[PDB]
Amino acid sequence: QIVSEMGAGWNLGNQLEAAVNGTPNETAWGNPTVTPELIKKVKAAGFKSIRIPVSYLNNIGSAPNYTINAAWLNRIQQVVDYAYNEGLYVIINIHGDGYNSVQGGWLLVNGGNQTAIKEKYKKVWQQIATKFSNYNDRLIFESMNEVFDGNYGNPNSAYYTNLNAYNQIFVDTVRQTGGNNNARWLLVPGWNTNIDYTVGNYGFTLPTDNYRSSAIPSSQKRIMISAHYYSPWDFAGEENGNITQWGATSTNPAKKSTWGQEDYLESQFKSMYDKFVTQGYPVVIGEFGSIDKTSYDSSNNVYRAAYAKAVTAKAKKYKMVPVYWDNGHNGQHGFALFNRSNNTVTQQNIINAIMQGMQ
């Protein structure tokens, strides 16, 4: 399967998506410039795929051409090479651009100018796809990252239609730049990469792949579905010491998460299997992880490893690819498993839990 070959994934987080004042800058969010030795270390840890968040933002020139700074494409291509030349699977996306909350963000489903958004998106993907056209199947394009209106409840149907439109433009645009783009795996999310809003009857539609092999048609899918998983937020993302433990081995009610335990995890990943995996769409859990709370509770890393084990093992069970969110921050509320400055492992137990989960 594509899924077994991809094994477990690691995110090169807070690098090529990092941006200040709208301008992408891989050193702007506390990490050093990426070097090939980092990617060699991650591979050595057991990871077989790397996900590479990339932001474009002000590196995109004006209309009507929306030309991407040559030096930026050349940088992205160097970083992708670090992974690709190591025999890994590599995912590149459009990351910061899709966020209302990121300065310079423009790929907004709540935008009034959709015809303008879609034209910029098409032209941007055209250039990225042209740049990467000779790379093989180990290079995956991910259409966008977490795309929504900034609101956490029920998705607006008209807005979901916009998101669906971007997925479709992405697919057809990439296919039309031709081999190896005509054949390569393309990864697409639903609403806010949220499982419930992606599997439920909220508006998600699968993109057609009509421009692929148009003269010798179809019909085997070269599309994957994205979702991210950080539930329960109280344990995995809330930046305070209220909730520091998780799962069946925790027996401390004052500190244990109040939802999203093992039962919930099962039913969530079960729904992605039922809706997509069984239909021939691989599924990539493109981000998962829990923030460092050892500054509040000296037992927290036990539960960070337990959480990562459970998440990885459940994905393995349902034939989806688990990809760890590492933002390089070793510290309070950090996600890092490596020190990128000294190229050393900082969370061996969590890496161990991932590899155990992948068995």
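Numbering starts at 1 and follows the sequence shown.
Relative to its counterpart among 203-211 and 139-147, 203-211 has the higher mean temperature factor, C-alpha atoms as listed in the PDB entry. For the pair 62-70 and 288-296, the mean B factor over Cα atoms is greater in 62-70. Sorting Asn162, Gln279, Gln77, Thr198 by the CA temperature factor given in the entry leaves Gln279 at the top. In this PDB entry, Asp97 carries a Cα temperature factor that places it within the lowest third of its chain's modelled residues. Ranked by Cα temperature factor within the chain, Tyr152 sits in the highest third according to the deposited record. When the modelled residues of the chain are ordered by C-alpha B-factor, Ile350 sits in the middle third. In this PDB entry, the Cα temperature factor of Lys316 sits in the top third of its chain's modelled residues, the highest group. When all modelled residues of the chain are sorted by CA temperature factor, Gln168 is found within the lowest third.
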